[PDB]
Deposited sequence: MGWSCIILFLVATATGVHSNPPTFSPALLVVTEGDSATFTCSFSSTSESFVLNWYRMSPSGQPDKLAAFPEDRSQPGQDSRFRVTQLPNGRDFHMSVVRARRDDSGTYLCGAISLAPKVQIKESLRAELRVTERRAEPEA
């Protein structure tokens, strides 16, 4: 029930869109779903969220899957990403997905 986040390794060409999929569902809580990039030091930087730009988050028809996309990937977008949910029970806690890697490759001449 932590969200899942796939693929674990996403490789695109610079200039193309890069799309991860986050999966999560709560029958008992609202809360917004967040998309993060992890810094060198390991701090999560909030990129976008649903429901709340270079980054786009959209809800697919089945209700529990979300596309999280870098709309036009740049070389410097390569890095570590995850999605997180929050719950209040039994205490306040972030539930981070497993972390996935984006690699943006140089487009040929």
Discussion item. Missing CA coverage against the deposited sequence, listed in sequence order.
Written reply: 1-19, 72-79, 137-140
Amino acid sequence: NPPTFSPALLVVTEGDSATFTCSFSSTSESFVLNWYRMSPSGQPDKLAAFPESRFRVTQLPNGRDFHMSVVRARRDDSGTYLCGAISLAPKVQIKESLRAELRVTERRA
From here on, numbers count along this sequence of modelled residues.
Discussion item. Please compare 99-107 with 1-9 and name the stretch with the higher mean C-alpha B-factor in the deposited structure.
Written reply: 1-9
Worksheet item: Got a sec? Mean C-alpha B-factor, which is higher, 40-48 or 70-78?
Response: 40-48
